[PDB]
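Some notes on the structure that comes next.
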Amino acid sequence: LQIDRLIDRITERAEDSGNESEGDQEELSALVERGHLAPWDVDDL
């Protein structure tokens, strides 16, 4: 249920998502499959 809510919660620890797509990872997420922009890739930094 809280998909984008964790996705953005876990991405803030790397916070690259904060600039790359910013709120898109919390308000949109999932539909934006482009390179799966979320914590899973931002964490590898």
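We number each residue from 1, going along the chain as drawn.
Technique stated in the header: solution NMR.
Cβ coordinates come from backbone N, Cα and C, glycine included.
Feature annotations, courtesy of Swiss-Prot:
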REGION    14-45  region 'Disordered'
MOD_RES   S17  phosphoserine
COMPBIAS  17-27  compositional bias 'Acidic residues'
MOD_RES   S21  phosphoserine
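Cβ contacts within 10 Å of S21 (phosphoserine), excluding its own Cβ and spanning all protein chains shown: 19.
Secondary structure counts, DSSP: the compositional bias 'Acidic residues' (17-27) has 6 helix, 0 strand, 5 coil. Within its own chain, the compositional bias 'Acidic residues' (17-27) has Cβ neighbours under 8 Å at 4-5, 7-8, 11, 37-39, 42, counting only residues six or more beyond its boundaries. Cβ-based neighbour count (10 Å, all protein chains) for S17 (phosphoserine) stands at 24. Residue counts for the region 'Disordered' (14-45) by DSSP state, with H, G and I taken as helix and E and B as strand, are 15 helix, 0 strand, 17 coil.
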